[PDB]
There are 4 protein chains.
Amino acid sequence: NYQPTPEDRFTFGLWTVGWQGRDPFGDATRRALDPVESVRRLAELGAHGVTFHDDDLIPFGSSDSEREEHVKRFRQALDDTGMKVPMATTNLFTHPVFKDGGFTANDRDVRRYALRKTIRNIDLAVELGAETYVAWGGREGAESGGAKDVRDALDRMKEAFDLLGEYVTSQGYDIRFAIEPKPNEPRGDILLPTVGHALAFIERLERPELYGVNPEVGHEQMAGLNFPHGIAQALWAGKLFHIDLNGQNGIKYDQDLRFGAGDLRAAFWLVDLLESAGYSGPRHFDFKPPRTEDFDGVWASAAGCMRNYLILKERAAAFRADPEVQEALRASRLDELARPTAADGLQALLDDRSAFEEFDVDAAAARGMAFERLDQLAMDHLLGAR
Amino acid sequence: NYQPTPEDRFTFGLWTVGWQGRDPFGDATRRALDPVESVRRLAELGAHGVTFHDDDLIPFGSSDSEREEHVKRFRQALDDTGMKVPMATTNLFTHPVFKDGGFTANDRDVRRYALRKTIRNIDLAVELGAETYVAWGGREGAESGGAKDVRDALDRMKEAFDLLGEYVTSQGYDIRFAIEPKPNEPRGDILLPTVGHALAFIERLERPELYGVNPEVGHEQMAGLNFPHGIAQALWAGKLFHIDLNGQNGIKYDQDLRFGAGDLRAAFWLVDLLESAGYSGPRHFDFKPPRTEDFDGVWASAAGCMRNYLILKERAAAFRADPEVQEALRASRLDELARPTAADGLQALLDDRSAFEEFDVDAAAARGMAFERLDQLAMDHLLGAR
Amino acid sequence: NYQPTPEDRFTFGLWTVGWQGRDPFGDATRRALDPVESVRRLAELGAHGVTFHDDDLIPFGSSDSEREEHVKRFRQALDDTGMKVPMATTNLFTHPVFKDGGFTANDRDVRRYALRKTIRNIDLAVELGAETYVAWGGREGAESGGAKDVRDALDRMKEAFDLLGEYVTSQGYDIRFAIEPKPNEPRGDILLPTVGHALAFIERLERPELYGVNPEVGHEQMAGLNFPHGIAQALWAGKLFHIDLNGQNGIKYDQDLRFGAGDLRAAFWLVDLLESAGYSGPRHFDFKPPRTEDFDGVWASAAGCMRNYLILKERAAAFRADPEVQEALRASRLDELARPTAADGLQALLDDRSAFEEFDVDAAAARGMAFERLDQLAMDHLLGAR
Amino acid sequence: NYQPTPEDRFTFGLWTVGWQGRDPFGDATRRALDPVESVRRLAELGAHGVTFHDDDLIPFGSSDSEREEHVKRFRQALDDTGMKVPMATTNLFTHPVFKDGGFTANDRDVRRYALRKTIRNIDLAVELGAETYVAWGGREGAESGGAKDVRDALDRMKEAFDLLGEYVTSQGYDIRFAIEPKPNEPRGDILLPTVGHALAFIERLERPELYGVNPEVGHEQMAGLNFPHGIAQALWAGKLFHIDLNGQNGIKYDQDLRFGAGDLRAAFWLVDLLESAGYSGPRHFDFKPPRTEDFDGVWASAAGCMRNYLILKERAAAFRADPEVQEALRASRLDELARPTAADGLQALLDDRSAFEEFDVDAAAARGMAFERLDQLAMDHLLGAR
Ligand SMILES: [Mg+2]
Ligand SMILES: [Mg+2]
Ligand SMILES: [Mg+2]
Ligand SMILES: [Mg+2]
Ligand SMILES: [Mg+2]
Ligand SMILES: [Mg+2]
Ligand SMILES: [Mg+2]
Ligand SMILES: [Mg+2]
């Protein structure tokens with residue numbers, strides 16, 4: 001009954017089930033988890049792997065000796081469980097030194113420190129087998145207009161990512177980068193605030209083939225945008241390297257609810273798209289078990305992430321396989337949308353009187369699209385009413 | 001006292017001062033304006049030029065004979081006034097045939113009609129001297145998830161813009177295209193919903209140098225985004241071909257208030273950016289005089305657009321010229337943001353112990369950014385308190 | 001299979017299935033419906049009744065002779081079908097004279113006209129058997145700060161509703177009033193923008209027992225608010241006289257999607273609440289079939305409204321009846337929320353050392369709320385996974 | 001030059017300038033302030049007084065002996081400076097025991113503890129001379145639908161406030177209560193989310209005259225609402241007991257920017273309203289100096305709060321005193337809005353043929369409202385262009 005196995009490629013950040021519940025108005029409600037116990041308990045739930053910030057695994061300020069011991073314990077738990085580490089990232093947001101950013105801090109010495117901190121963790125990520133390295137520029141931005149010249153900041157952001165690309169290629173590493181956009185919080189406005197801005201920025205890097213996006217459900221919804229649409233544009237560009245799954249109830253603070261919570265129909269259309277398009281990367285959950293919960297509630301919430309994905313996968317597959325839906329898709333001319341507008345070419349289009357001079361605009365306008373019948377079939381399938 | 005002249009390059013759409021006031025819940029409150037009278041009255045206010053949709057100038061369904069007469073009258077009013085036509089666009093949204101889009105309608109014959117309607121107006125735009133041709137895909141999108149396969153739709157959108165680029169190059173025309181993004185309304189979600197998504201899409205076209213963006217103040221604010229930040233990214237990419245100026249009070253329906261209304265401090269930072277960066281294109285107002293107004297209120301609202309730009313231009317110039325502000329910018333290290341992070345190169349950065357091993361993180365973290373004093377100087381200048 | 005009957009009390013506005021599809025950017029895509037054909041076709045779908053604005057039934061400007069004929073035809077269709085008319089309302093928004101409002105227009109003669117237009121339709125509503133008279137003040141508000149002194153406007157709004165209450169009581173009519181809130185559109189901001197503001201205003205009227213609210217799903221969601229929470233507060237106050245059901249995708253223009261579209265989980269919790277609380281008024285749909293649709297799509301969309309209510313009603317009933325859910329509700333202490341905090345009284349609470357001096361705060365804080373397990377049971381029931 | 005004095009009644013929370021900068025993603029960037037030093041430094045800036053949560057002044061868990069010493073030190077600093085304490089409040093949100101609320105926690109023993117913690121601080125507030133006691137129910141709400149039966153929760157909320165009212169009246173205290181609404185954060189949805197919901201709730205309390213609202217600029221703007229409109233409704237009801245001034249950039253997390261930042265024109269219309277209506281309570285700033293700042297930036301930000309109020313007060317006064325504005329207000333019929341619609345009474349209105357039968361609707365509809373000219377005069381005054 002909707003039981004995950006490692007073959008489903010579900011992954012979790014250490015910082016997700018490990019969130020202690022400290023929010024802007026309250027103290028932690030849960031004790032800290034040992035990364036080793038998180039790995040074991042996620043493996044028992046059927047997860048495929050875990051992800052980490054450098055500072056989740058190795059406490060900030062650790063000596064190289066303490067560092068080696070933290071990694072060894074972690075690697076033993078991976079060996080004991082069969083868990084993988086497909087992605088890693090850098091914490092460039094918690095320490096006060098990053099209060100005006102890492103790669104785009106106004107202070108030059110902070111920007112250089114941010115790069116060295118990142119490079120050190122790229123080496124570790126490669127050692128643990130990660131294929132994707134995520135960057136979330138949570139402190140890159142501003143609360144006021146004069147604090148940040150955004151053209152200069154984008155120069156500094158391009159400089160940093162170009163240097164990281166030079167580093168991985170000079171080392172011969174087989175790892176790619178994914179930018180994770182967010183429109184705001186903790187900064188008043190964050191640079192590269194949506195999937196679109198991130199995709200555009202990547203095309204100005206020196207080696208664009210090394211960079212893609214890591215979109216998050218809740219972040220695009222914090223701008224009121226359609227998350228499945230943004231994912232479709234990322235897939236269209238060949239840039240969906242990784243994805244963060246969770247839930248969000250509209251335009252407000254970043255809730256990071258378990259996947260399936262928040263906008264349920266958007267979750268359905270997202271799963272439909274990922275499965276139809278053959279996305280084969282990790283299904284990663286960047287979520288926070290609410291601070292109302294004890295540890296039993298933490299693992300229930302994590303299990304719910306995977307359960308809801310598998311239910312939605314079944315409903316989307318039934319929808320697409322239903323002969324009545326296939327008929328309705330043709331009634332709404334989805335087949336015609338997939339056919340070229342003018343494969344006959346520009347001159348033939350210009351000479352085609354049926355395209356303008358003799359086109360019956362009123363008869364075309366009278367044709368209903370039949371979208372509402374199609375959408376109610378989708379609703380019936382989602383709710384198990386068919 | 002803040003009087004515009006044609007040298008300020010202020011332009012207006014025919015559809016702006018000509019809006020009759022018909023909204024989703026009410027009938028028109030003003031009679032239709034003759035395009036000739038709009039041109040004369042805008043010239044008297046100090047405007048530089050006007051812009052048009054094909055259907056604003058030539059009523060839909062006109063014979064080629066009626067078409068020639070409408071253009072001749074219009075050209076005589078331009079000659080009489082000295083007004084220019086720097087931009088033109090196509091109406092692919094009003095007629096019922098476009099109810100599921102123009103370039104991305106599911107019906108193939110509608111997509112072909114949309115292209116022919118566009119090409120006809122490009123010829124006219126070139127004849128009238130327009131340098132920019134805008135595309136606003138207001139009907140390209142969906143209210144429901146199954147109605148539109150977005151990857152197929154982006155294929156169709158790329159096909160349409162590639163064909164338009166082939167047409168202008170084969171004709172030898174000196175005109176460029178600008179995509180105008182909007183996140184929603186009238187469709188539930190619109191394709192290419194922000195500046196960022198539009199910039200990313202342009203990089204996949206066959207001749208990207210022919211295409212830029214025409215961002216609108218209110219549209220980015222309908223997604224809660226920072227409009228000056230988005231303009232900075234457009235300028236950074238070299239793609240700000242045109243701009244639509246107006247006002248918007250937050251995340252709601254597209255208000256198209258006069259420029260300076262809505263988010264006043266965003267208007268200040270926008271003018272600061274455009275003038276600092278040396279933007280030399282038209283200052284175009286895409287606004288609607290509220291339907292509460294009679295025709296005297298229409299011209300007062302239009303005059304207010306230009307007045308507010310000129311006041312903000314004066315305040316932003318005083319801000320940047322103030323020695324106390326220049327000192328505050330250095331106190332906040334804006335000078336350091338403009339300096340390369342690592343012009344010494346990757347290897348030197350890796351060997352630089354002052355960047356990591358010996359970096360004093362606590363001393364750097366203790367340095368205040370002094371952003372609040374800088375922002376209050378900006379407030380004082382905006383309000384004329386200094 | 002989820003077939004409605006008149007006993008389910010589903011009702012529709014004439015203006016809903018009759019919407020011709022004219023939006024701010026496009027012309028109508030459907031011909032006008034005769035109110036008589038709408039009544040017949042809704043009765044065949046299983047509706048219980050219809051509602052109307054005065055101007056939906058009687059074209060504006062009709063002579064008393066034409067008026068009598070329009071009513072007679074309508075009443076014959078009601079007799080032929082068994083359809084009821086449980087609610088009626090006034091159009092105080094379409095005609096240009098109402099461009100600055102009806103009850104709160106700055107012009108005094110317009111306010112007097114608005115009252116007389118309303119009173120005439122109250123008489124007709126009573127004649128047709130309506131029990132609720134709705135007021136939606138769509139033009140009451142402002143686009144700018146100086147246009148409307150809101151204290152004076154609330155005086156005028158109270159004056160108008162007090163006069164309507166004096167009229168119905170002096171005539172001996174058995175009808176009550178319901179205010180329908182909306183935060184914005186078509187005005188930049190609308191007075192009494194949410195359920196809460198409307199409830200507060202009612203308490204200042206001379207006969208508060210005559211007035212309640214008619215909340216609409218999409219309108220509270222245009223302010224990002226939780227619609228089931230607002231309905232609970234309306235029920236708590238005894239003021240839920242009527243309700244408008246539809247769908248909305250977040251904070252944007254008023255979409256009026258069919259019920260069940262938009263925020264599906266909010267629709268589930270709404271139906272759970274209405275059925276648990278024993279709401280016995282009409283289940284009214286204030287929705288617009290998208291303008292992509294022809295008339296077959298109109299009736300499919302209307303049928304979908306009722307279908308989705310009945311599916312959600314079944315799932316919510318299964319949820320509440322599940323012994324495992326009843327156990328989970330006790331695990332989350334919903335039973336304790338329903339018990340008085342201090343029925344022993346103030347002095348006993350002050351003397352109770354177990355409430356403060358000897359209260360074990362750390363042991364209470366450690367108790368998990370078990371909300372995530374409860375919410376996944378609710379998800380499983382909604383999706384038919386249990 | 002815009003220098004505050006204690007007569008301006010500017011007040012600050014201890015938690016405002018004392019905010020250490022810990023946000024959901026980062027550690028504190030500033031050391032804790034001693035309440036005594038905050039009082040001294042605010043007095044030097046020209047503040048009138050300070051406000052406090054119990055836990056700001058007395059560390060949680062203090063013995064009665066430590067408690068007495070903390071109060072004595074504080075009172076000496078008040079005596080040394082002349083600073084007043086006009087308002088106090090309870091922290092029912094930081095400690096983990098309040099993770100599901102205080103007054104509406106599902107656990108009954110937590111609700112009783114919350115009341116006793118509140119009552120203890122009411123005694124202290126009265127001893128320090130506070131006239132208003134604020135309640136912000138930041139933890140009262142839910143992330144999921146089944147966690148909280150909102151009707152039961154409102155019963156518990158009414159029970160708690162009724163008991164507090166019984167306590168103050170039985171003690172003979174001269175203090176009143178003010179509810180501070182917020183729509184969300186830290187809970188997914190918070191009960192009584194806007195000014196309107198709070199005003200409505202107060203009318204169901206046993207002694208409504210003891211309770212009013214404490215609205216906050218940023219909180220109403222987190223729902224996209226018009227803050228001056230909401231304040232006008234609060235003043236109209238006689239319930240504006242206190243106010244929280246700050247800034248917010250649209251619908252996102254609660255920014256608590258300094259007053260004047262965020263929506264500048266809303267700040268102008270707010271000051272215009274408060275000064276016109278003769279509001280005589282404290283001008284309280286509930287703001288957070290951004291965590292980018294050091295302590296010099298903290299005091300600059302606090303000074304900016306008061307400076308911006310005084311600049312806006314001067315501009316609003318000049319606006320209202322301008323003969324040209326007074327003429328424009330009459331041109332827009334603001335004088336007519338203040339006159340009764342029908343002081344002649346219902347029967348005279350019904351018999352008045354000029355109100356309907358002989359009303360010239362087309363001539364009334366043709367009258368422009370002249371709102372745009374009025375609003376540009378307001379803009380000119382705000383910017384010092386007149
Ligand atoms: Mg997130
Ligand atoms: Mg993430
Ligand atoms: Mg617009
Ligand atoms: Mg535009
Ligand atoms: Mg609606
Ligand atoms: Mg409605
Ligand atoms: Mg706040
Ligand atoms: Mg506050």
# chains A, B, ... in the order shown; residues from 1 in each chain; ligands from 1

call {"tool": "interface_residues", "arguments": {"of": "chain A", "to": "chain C", "cutoff": "8 Å", "atoms": "only C-alpha atoms", "output": "mmCIF file with C-alpha atoms, in the first residue's frame"}}
result
data_model
loop_
_atom_site.group_PDB
_atom_site.id
_atom_site.type_symbol
_atom_site.label_atom_id
_atom_site.label_comp_id
_atom_site.auth_asym_id
_atom_site.auth_seq_id
_atom_site.Cartn_x
_atom_site.Cartn_y
_atom_site.Cartn_z
ATOM 1 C CA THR A 29 11.012 22.143 20.517
ATOM 2 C CA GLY A 224 2.327 33.153 -6.869
ATOM 3 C CA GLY A 250 0.178 30.522 -0.975
ATOM 4 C CA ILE A 251 2.113 33.760 -0.707
ATOM 5 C CA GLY A 262 -0.370 22.988 0.427
ATOM 6 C CA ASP A 263 -1.531 23.101 -3.206
ATOM 7 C CA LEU A 264 -2.619 19.508 -3.803
ATOM 8 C CA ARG A 265 -3.644 19.887 -7.434
ATOM 9 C CA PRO A 290 6.121 21.349 12.097
ATOM 10 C CA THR A 292 4.219 21.032 17.100
ATOM 11 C CA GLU A 293 5.521 17.484 16.547
ATOM 12 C CA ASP A 294 7.680 15.173 18.630
ATOM 13 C CA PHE A 295 10.032 12.669 17.013
ATOM 14 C CA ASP A 296 7.245 10.213 16.189
ATOM 15 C CA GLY A 297 5.625 13.083 14.288
ATOM 16 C CA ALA A 300 5.316 10.280 10.229
ATOM 17 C CA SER A 301 5.745 13.538 8.307
ATOM 18 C CA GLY A 304 3.946 11.124 4.338
ATOM 19 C CA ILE A 311 -0.399 8.057 -4.497
ATOM 20 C CA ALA A 365 -13.830 31.341 -32.598
ATOM 21 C CA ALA A 366 -17.043 29.355 -32.086
ATOM 22 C CA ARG A 367 -15.191 26.086 -31.367
ATOM 23 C CA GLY A 368 -15.216 25.298 -27.667
ATOM 24 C CA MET A 369 -11.945 24.080 -26.175
ATOM 25 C CA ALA A 370 -13.664 21.447 -23.935
ATOM 26 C CA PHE A 371 -11.152 22.213 -21.189
ATOM 27 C CA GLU A 372 -13.664 21.982 -18.335
ATOM 28 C CA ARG A 373 -14.722 18.426 -19.153
ATOM 29 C CA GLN A 376 -13.197 17.337 -14.301
ATOM 30 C CA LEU A 382 -7.230 12.552 -8.446
ATOM 31 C CA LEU A 383 -10.073 11.871 -5.997
ATOM 32 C CA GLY A 384 -10.443 8.214 -6.977
ATOM 33 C CA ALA A 385 -13.948 8.774 -8.333
#

call {"tool": "residues_near_ligand", "arguments": {"ligand": "ligand 1", "cutoff": "12 Å", "atoms": "only C-alpha atoms and all ligand atoms", "output": "short mmCIF file (atom, residue, chain, number, x, y, z; two decimals) with C-alpha atoms, in the first residue's frame"}}
result
data_model
loop_
_atom_site.label_atom_id
_atom_site.label_comp_id
_atom_site.auth_asym_id
_atom_site.auth_seq_id
_atom_site.Cartn_x
_atom_site.Cartn_y
_atom_site.Cartn_z
CA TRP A 15 18.47 19.59 7.94
CA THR A 16 14.88 18.48 7.20
CA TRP A 136 21.01 28.49 -2.50
CA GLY A 138 19.71 32.88 0.70
CA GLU A 180 18.07 26.91 -6.09
CA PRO A 181 15.95 30.08 -6.49
CA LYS A 182 13.90 31.78 -3.79
CA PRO A 183 12.20 35.20 -4.13
CA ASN A 184 12.58 36.45 -0.56
CA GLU A 185 13.27 35.41 3.07
CA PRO A 186 15.58 35.89 4.86
CA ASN A 214 17.13 23.04 -8.37
CA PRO A 215 13.61 24.51 -8.15
CA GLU A 216 11.55 24.17 -4.96
CA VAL A 217 7.75 23.82 -4.93
CA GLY A 218 7.20 26.35 -2.18
CA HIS A 219 9.59 29.00 -3.46
CA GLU A 220 7.92 29.51 -6.81
CA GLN A 221 4.58 29.58 -5.01
CA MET A 222 5.90 32.39 -2.77
CA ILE A 243 14.26 19.20 -7.57
CA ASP A 244 13.06 20.09 -4.05
CA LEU A 245 9.60 18.75 -3.18
CA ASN A 246 7.42 20.17 -0.40
CA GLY A 247 4.20 22.11 0.23
CA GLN A 248 3.24 25.75 0.63
CA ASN A 249 -0.07 27.50 1.27
CA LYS A 252 3.60 33.98 2.80
CA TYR A 253 6.72 32.90 4.71
CA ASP A 254 8.46 29.71 3.44
CA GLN A 255 6.46 26.96 5.15
CA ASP A 256 8.30 23.86 3.85
CA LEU A 257 5.30 21.63 4.57
CA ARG A 258 5.49 17.95 3.73
CA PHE A 259 5.00 17.17 0.04
CA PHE A 285 12.24 16.59 0.03
CA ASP A 286 13.27 19.95 1.45
CA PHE A 287 10.65 20.12 4.19
CA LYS A 288 10.32 20.87 7.92
CA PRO D 24 14.95 31.33 10.77
CA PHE D 25 18.19 30.87 8.83
#

call {"tool": "closest_residue", "arguments": {"among": "D:197, D:139, D:84, D:207", "to": "residue D:100", "atoms": "only C-alpha atoms"}}
result
D:139

call {"tool": "residues_around", "arguments": {"residues": "residue C:238", "least_positions_apart": "2", "cutoff": "12 Å", "atoms": "only C-alpha atoms", "output": "PDB file with N, CA, C and O atoms, in the first residue's frame"}}
result
ATOM      1  N   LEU C 199     -18.568  41.402   9.497  1.00  0.00           N
ATOM      2  CA  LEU C 199     -19.172  41.037  10.780  1.00  0.00           C
ATOM      3  C   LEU C 199     -19.088  42.181  11.781  1.00  0.00           C
ATOM      4  O   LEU C 199     -20.041  42.433  12.531  1.00  0.00           O
ATOM      5  N   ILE C 202     -21.649  44.976  10.978  1.00  0.00           N
ATOM      6  CA  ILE C 202     -23.040  44.605  11.265  1.00  0.00           C
ATOM      7  C   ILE C 202     -23.422  44.934  12.699  1.00  0.00           C
ATOM      8  O   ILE C 202     -24.573  45.303  12.971  1.00  0.00           O
ATOM      9  N   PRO C 208     -29.139  44.727  14.275  1.00  0.00           N
ATOM     10  CA  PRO C 208     -28.139  43.749  13.809  1.00  0.00           C
ATOM     11  C   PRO C 208     -28.684  42.368  13.519  1.00  0.00           C
ATOM     12  O   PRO C 208     -28.084  41.641  12.717  1.00  0.00           O
ATOM     13  N   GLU C 209     -29.812  41.983  14.117  1.00  0.00           N
ATOM     14  CA  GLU C 209     -30.338  40.643  13.889  1.00  0.00           C
ATOM     15  C   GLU C 209     -30.796  40.429  12.450  1.00  0.00           C
ATOM     16  O   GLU C 209     -30.960  39.276  12.038  1.00  0.00           O
ATOM     17  N   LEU C 210     -30.985  41.500  11.668  1.00  0.00           N
ATOM     18  CA  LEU C 210     -31.438  41.360  10.289  1.00  0.00           C
ATOM     19  C   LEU C 210     -30.310  41.125   9.293  1.00  0.00           C
ATOM     20  O   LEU C 210     -30.598  40.920   8.107  1.00  0.00           O
ATOM     21  N   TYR C 211     -29.051  41.172   9.726  1.00  0.00           N
ATOM     22  CA  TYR C 211     -27.924  41.192   8.797  1.00  0.00           C
ATOM     23  C   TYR C 211     -26.924  40.097   9.123  1.00  0.00           C
ATOM     24  O   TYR C 211     -26.576  39.894  10.288  1.00  0.00           O
ATOM     25  N   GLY C 212     -26.446  39.412   8.080  1.00  0.00           N
ATOM     26  CA  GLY C 212     -25.395  38.421   8.234  1.00  0.00           C
ATOM     27  C   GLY C 212     -24.413  38.565   7.091  1.00  0.00           C
ATOM     28  O   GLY C 212     -24.386  39.612   6.443  1.00  0.00           O
ATOM     29  N   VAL C 213     -23.617  37.535   6.812  1.00  0.00           N
ATOM     30  CA  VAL C 213     -22.638  37.606   5.732  1.00  0.00           C
ATOM     31  C   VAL C 213     -22.949  36.550   4.682  1.00  0.00           C
ATOM     32  O   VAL C 213     -23.565  35.516   4.956  1.00  0.00           O
ATOM     33  N   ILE C 231     -15.291  31.082   7.782  1.00  0.00           N
ATOM     34  CA  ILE C 231     -16.639  30.528   7.890  1.00  0.00           C
ATOM     35  C   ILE C 231     -16.915  30.078   9.315  1.00  0.00           C
ATOM     36  O   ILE C 231     -18.024  30.259   9.836  1.00  0.00           O
ATOM     37  N   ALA C 232     -15.918  29.467   9.968  1.00  0.00           N
ATOM     38  CA  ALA C 232     -16.103  29.082  11.365  1.00  0.00           C
ATOM     39  C   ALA C 232     -16.408  30.293  12.232  1.00  0.00           C
ATOM     40  O   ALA C 232     -17.274  30.226  13.109  1.00  0.00           O
ATOM     41  N   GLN C 233     -15.714  31.418  12.004  1.00  0.00           N
ATOM     42  CA  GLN C 233     -16.018  32.601  12.802  1.00  0.00           C
ATOM     43  C   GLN C 233     -17.412  33.132  12.494  1.00  0.00           C
ATOM     44  O   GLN C 233     -18.112  33.607  13.396  1.00  0.00           O
ATOM     45  N   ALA C 234     -17.828  33.077  11.225  1.00  0.00           N
ATOM     46  CA  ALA C 234     -19.183  33.487  10.879  1.00  0.00           C
ATOM     47  C   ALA C 234     -20.223  32.587  11.549  1.00  0.00           C
ATOM     48  O   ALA C 234     -21.234  33.075  12.064  1.00  0.00           O
ATOM     49  N   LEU C 235     -19.995  31.270  11.547  1.00  0.00           N
ATOM     50  CA  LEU C 235     -20.930  30.363  12.221  1.00  0.00           C
ATOM     51  C   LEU C 235     -20.946  30.606  13.721  1.00  0.00           C
ATOM     52  O   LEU C 235     -22.004  30.532  14.361  1.00  0.00           O
ATOM     53  N   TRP C 236     -19.770  30.845  14.299  1.00  0.00           N
ATOM     54  CA  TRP C 236     -19.664  31.104  15.733  1.00  0.00           C
ATOM     55  C   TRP C 236     -20.496  32.313  16.136  1.00  0.00           C
ATOM     56  O   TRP C 236     -21.106  32.330  17.218  1.00  0.00           O
ATOM     57  N   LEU C 240     -23.889  33.197   9.431  1.00  0.00           N
ATOM     58  CA  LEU C 240     -23.731  32.622   8.091  1.00  0.00           C
ATOM     59  C   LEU C 240     -25.113  32.406   7.483  1.00  0.00           C
ATOM     60  O   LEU C 240     -25.729  31.347   7.632  1.00  0.00           O
ATOM     61  N   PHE C 241     -25.609  33.434   6.789  1.00  0.00           N
ATOM     62  CA  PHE C 241     -26.946  33.405   6.207  1.00  0.00           C
ATOM     63  C   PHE C 241     -26.979  32.763   4.828  1.00  0.00           C
ATOM     64  O   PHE C 241     -28.040  32.296   4.400  1.00  0.00           O
ATOM     65  N   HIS C 242     -25.845  32.716   4.135  1.00  0.00           N
ATOM     66  CA  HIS C 242     -25.758  32.299   2.742  1.00  0.00           C
ATOM     67  C   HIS C 242     -24.274  32.090   2.483  1.00  0.00           C
ATOM     68  O   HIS C 242     -23.449  32.546   3.273  1.00  0.00           O
ATOM     69  N   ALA C 277     -21.420  21.359  11.021  1.00  0.00           N
ATOM     70  CA  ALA C 277     -22.144  22.404  11.731  1.00  0.00           C
ATOM     71  C   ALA C 277     -23.632  22.403  11.409  1.00  0.00           C
ATOM     72  O   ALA C 277     -24.396  23.121  12.066  1.00  0.00           O
ATOM     73  N   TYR C 279     -25.117  23.417   8.563  1.00  0.00           N
ATOM     74  CA  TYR C 279     -25.574  24.527   7.739  1.00  0.00           C
ATOM     75  C   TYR C 279     -26.689  24.047   6.816  1.00  0.00           C
ATOM     76  O   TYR C 279     -26.559  23.025   6.142  1.00  0.00           O
TER      77      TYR C 279
ATOM     78  N   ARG D 151     -14.379  26.866  15.923  1.00  0.00           N
ATOM     79  CA  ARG D 151     -15.455  27.312  16.809  1.00  0.00           C
ATOM     80  C   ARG D 151     -15.113  27.038  18.267  1.00  0.00           C
ATOM     81  O   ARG D 151     -15.318  27.901  19.133  1.00  0.00           O
ATOM     82  N   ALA D 200     -14.837  42.217  15.218  1.00  0.00           N
ATOM     83  CA  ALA D 200     -16.053  41.408  15.292  1.00  0.00           C
ATOM     84  C   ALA D 200     -16.058  40.540  16.539  1.00  0.00           C
ATOM     85  O   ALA D 200     -17.094  40.386  17.202  1.00  0.00           O
ATOM     86  N   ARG D 204     -18.547  40.085  20.893  1.00  0.00           N
ATOM     87  CA  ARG D 204     -19.118  38.916  21.543  1.00  0.00           C
ATOM     88  C   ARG D 204     -18.585  38.699  22.953  1.00  0.00           C
ATOM     89  O   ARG D 204     -18.965  37.720  23.599  1.00  0.00           O
TER      90      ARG D 204
END

call {"tool": "select_by_dssp", "arguments": {"residues": "stretch 156-195 of chain A", "states": "alpha helix (DSSP H)", "output": "number ranges by chain"}}
result
A: 156-171, 195

call {"tool": "select_by_dssp", "arguments": {"residues": "stretch 72-309 of chain C", "states": "strand (DSSP E or B)", "output": "ChimeraX atom specification"}}
result
/C:84-89,132-135,141-142,176-179,189-190,211-213,216,240,244-245,247,257,259,261,283-285

call {"tool": "residues_around", "arguments": {"residues": "stretch 44-50 of chain B", "least_positions_apart": "2", "cutoff": "9 Å", "atoms": "only C-alpha atoms", "output": "JSON, numbers by chain"}}
result
{"B": [3, 4, 5, 6, 7, 8, 9, 10, 11, 12, 13, 14, 38, 39, 40, 41, 42, 52, 78, 81, 82, 83, 84, 85, 86, 87, 88, 282, 284, 299, 302, 303, 306]}

call {"tool": "atom_distance", "arguments": {"atom1": "atom CA of residue D:363", "atom2": "atom CA of residue C:54"}}
result
22.1 Å

call {"tool": "closest_residue", "arguments": {"among": "D:43, D:98, D:179, D:92", "to": "ligand 8", "atoms": "only C-alpha atoms and all ligand atoms"}}
result
D:179

call {"tool": "atom_distance", "arguments": {"atom1": "atom CA of residue D:70", "atom2": "atom CA of residue D:125"}}
result
14.0 Å
